[PDB]
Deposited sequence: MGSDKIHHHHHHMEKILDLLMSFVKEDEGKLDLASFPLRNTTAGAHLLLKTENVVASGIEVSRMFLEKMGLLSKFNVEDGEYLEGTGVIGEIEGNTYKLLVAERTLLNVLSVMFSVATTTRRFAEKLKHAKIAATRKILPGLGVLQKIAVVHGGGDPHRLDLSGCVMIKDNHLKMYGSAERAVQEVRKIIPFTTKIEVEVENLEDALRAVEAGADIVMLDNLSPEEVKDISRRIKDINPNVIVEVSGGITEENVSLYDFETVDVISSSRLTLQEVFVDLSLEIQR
């Protein structure tokens, strides 16, 4: 949260950067503005973050909307006022934050409601620099430890060695994930003592089959399915034997929520 403000401040700096010449002449005025939502079926997130940010920029705000609220219909979601140069210099960054977070939080909520056994989660393929805000948006959307990938396995030599090694430097309660693309590799990971097994880019039937086989040798292993699964496809992998479905389409989808800041006169 000091980290998040620093981050958003750095974004203001990038947009500015030395000085915002178009706004500079207005440094000696104040202005009020309406924050407008123009996209019609949507879940709000970034409100608390936005509020804190505006406060650090020296702007007053009120929002008529909360984080994780579902929004039927467009309108004014907030008002902002204060020094004019500050308001104009904060505009771009505020609207990115709210666009990204609303978008992610929205996708996420729709996935969630298409599932009845498995919980939806994000991948770690996030957009650099702002993955930290996308994660928060996912939690708002209604979603919610160590990862061992292929490159790790090649160096360690085996799942067994990798899990032994990592186990020596974490608490008994921290869980270890191993990523796999086939049955045999899923089974070695299980034997290796992995706590979570991630099935990469396999078909629904393959997953039906492998998830079943994992649960048969140890039903305490957590099975995660991960890929570019679309909202249309996601209930396909929703077997009783899958605990978590992660989809890159939560954080890599094109921003689609439309927001503006419109100065009142």
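J.: Mind pulling out the bits of the deposited sequence that never got modelled, as residue ranges from 1?
T.: Gaps vs deposited seq, in order: 1-12, 157-164.
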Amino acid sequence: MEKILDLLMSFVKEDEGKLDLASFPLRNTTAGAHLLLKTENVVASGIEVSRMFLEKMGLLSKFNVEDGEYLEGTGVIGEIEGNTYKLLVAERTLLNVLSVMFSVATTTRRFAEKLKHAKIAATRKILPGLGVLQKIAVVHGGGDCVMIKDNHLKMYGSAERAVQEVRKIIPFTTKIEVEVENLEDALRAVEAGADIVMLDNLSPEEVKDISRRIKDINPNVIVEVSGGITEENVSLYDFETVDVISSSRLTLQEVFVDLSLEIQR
From here on, numbers count along this sequence of modelled residues.
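J.: Hey, which bit's got the bigger mean C-alpha B factor in the entry, 107-115 or 181-189?
T.: Mean C-alpha B-factor is greater for 107-115.
J.: Would you determine, from the values in the PDB entry, which of 119-127 and 75-83 has the greater average C-alpha temperature factor?
T.: Result: 119-127.
J.: By the entry's C-alpha temperature factors, tell me which of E55, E224, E231, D209 sits highest.
T.: Out of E55, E224, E231, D209, the record gives the largest C-alpha B-factor to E231.
J.: Taking the C-alpha B-factors as the PDB entry records them, is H152 in the lowest, middle or highest third of its chain?
T.: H152: CA B-factor falls in the lowest third of its chain.
J.: Lowest, middle or highest third: where is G68 by C-alpha B factor in its chain?
T.: Its C-alpha B-factor, which the entry lists for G68, ranks in the middle third among residues of this chain.
J.: Sort the modelled residues of this chain by their C-alpha B factor and say whether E160 lands in the lowest, middle or highest third.
T.: It belongs to the middle third of the chain when residues are ordered by C-alpha B-factor.
J.: Looking at the temperature factor on the CA atom of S247, which third of the chain's modelled residues does it land in?
T.: Ranked within chain, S247 CA B lands in the middle tercile.
J.: Mind checking which third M1 falls in for C-alpha B-factor across the chain?
T.: Highest third of the chain for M1's C-alpha B-factor.
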